[PDB]
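Notes follow once the structure below has been shown.
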Ligand SMILES: [Ag+]
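Numbering (our numbering), first residue to last: 6 to 302.
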């Protein structure tokens, strides 16, 4: 017999979810930078109040290079304007200067002020941080030289390493939980996600690129981060773990009959996890099973 107090569950067919944890490295994304490089070749000036580790916005100062060749060309052009000159010829000369590297705004300014144009302070393009920033004091610059570069933070990248098989299992962003030791947030969005086929033969792991959402600012490189990644399995018959009993080779449980009448069924488990058990053999889909309750022999 089995007096009332029950509770019930019904076998259903599904995959089992396996949760795994990996350690991510927080990194600055490569494409989100800005390289301030210089057209023409030039000497440096002023050099500003910057130290290589600073916040910058729209590049608003940075430094100034005064240049030789352009000035000579401008002077020749000015002389042509003063005398009398083919307007077209003057235009061609201007075009050559523009080609050399003249900023267009600067050329317009020179035309407006018939002032030999000579000194430009260049401003960095993006609101940003600077990755490399150390040259100073009037030095030669050439061709297109790095005036250096600026790092941006709208995005961030957290890297986790996965086994190849587990990685193939991946698919969808939802089975992704990201968390951090320093600065736990309301949470962190995962905005993009990618597997870089490059197999860390050091080990047999693929590299997972994760683009975190850095719009408010609480993110840095080499901070520490845990990627709790969710996974799954070919589908199996699933019972709600609690109702299942063995303590020996006896291994199983009770089947209802809509009659409210019980019975023993000998099931095989396969695996257990997270909160449910998956049987290899034993029960049929939809069969009823019990998840709470007690009764007497
Ligand atoms: Ag299975």
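No residue lacks a Cβ here, since even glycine has one placed at the ideal position from N, Cα and C.
Cβ separation of residue i and residue j, assumed to be a contact under 8 Å, to the nearest whole Å
| i | j | result |
| --- | --- | --- |
| residue 279 | residue 14 | Between residue 14 and residue 279 the Cβ distance is about 16 Å, and since that is not below 8 Å, they are no contact. |
| residue 42 | residue 149 | 5 Å |
| residue 155 | residue 38 | 6 Å |
| residue 6 | residue 300 | 6 Å |
| residue 160 | residue 103 | In fact, because the Cβ distance is near 35 Å, the residues do not count as touching under 8 Å. |
Residue i, DSSP secondary structure in three states
| i | result |
| --- | --- |
| residue 44 | strand |
| residue 22 | coil |
| residue 334 | As shown, the chain starts at 6 and ends at 302. That puts residue 334 outside it, with no answer to give. |
| residue 301 | coil |
| residue 289 | coil |
| residue 195 | strand |
| residue 142 | coil |
| residue 277 | strand |
| residue 32 | strand |
| residue 7 | coil |
| residue 159 | coil |
| residue 55 | coil |
| residue 111 | helix |
| residue 129 | coil |
| residue 283 | strand |
| residue 263 | coil |
| residue 153 | strand |
| residue 49 | coil |
| residue 39 | strand |
Residues bridged to residue i [DSSP beta-bridge criterion]
| i | result |
| --- | --- |
| residue 120 | Looking at the DSSP assignment, residue 120 forms no beta bridge with any residue, so it has no partner. |
| residue 234 | 25, 181 |
| residue 164 | 30 |
| residue 2 | Not covered by the structure: residue 2. The range shown for the chain is 6 to 302. |
| residue 204 | Bridge partners of residue 204: none, in fact. |
| residue 60 | 134 |
Residue i - containing beta strand (DSSP E), residue span
| i | result |
| --- | --- |
| residue 243 | 241 to 244 |
| residue 215 | 210 to 217 |
| residue 79 | Run containing residue 79: none in the beta strand (DSSP E); it sits in the alpha helix (DSSP H), 73 to 87. |
| residue 259 | 256 to 259 |
| residue 296 | 293 to 297 |
| residue 269 | 269 to 271 |
| residue 12 | 12 to 15 |
| residue 135 | 133 to 137 |
First through last residue of the alpha helix (DSSP H) which encompasses residue i
| i | result |
| --- | --- |
| residue 99 | 92 to 105 |
| residue 66 | That residue, residue 66, is in no alpha helix (DSSP H); it is neither H nor E in DSSP. |
Taking 8 Å as the threshold, find out whether the segment 214 to 229 comes into contact with the segment 242 to 252 through three or more Cβ pairs.
As far as the Cβ criterion goes, the segment 214 to 229 does not touch the segment 242 to 252, which means the pair count is below three.
Is the number of C-beta pairs between the segment 200 to 215 and the segment 156 to 171 that are closer than 8 Å three or more?
Segments in contact, yes.
Three or more beta-carbon pairs under 8 Å between the segment 24 to 33 and the segment 229 to 238, yes or no?
Under the 8 Å Cβ criterion, the segment 24 to 33 counts as touching the segment 229 to 238, having at least three qualifying pairs.
Taking contact to mean at least 3 C-beta pairs separated by less than 8 Å, is the segment 72 to 91 in contact with the segment 122 to 129?
Yes, the segment 72 to 91 is in contact with the segment 122 to 129.
With a threshold of 8 Å, are at least 3 pairs of Cβ atoms found where one atom belongs to the segment 79 to 88 and the other to the segment 182 to 197?
Verdict: no, contact absent.
Count the CB pairs spanning the segment 172 to 189 and the segment 53 to 62 that are closer than 8 Å, and state whether there are at least three.
Here the segment 172 to 189 makes no contact with the segment 53 to 62; the two share fewer than three CB pairs at distances below 8 Å.
Just checking, does the segment 258 to 272 make contact with the segment 281 to 298 on the three C-beta pairs under 8 Å criterion?
Yes, the segment 258 to 272 is in contact with the segment 281 to 298.
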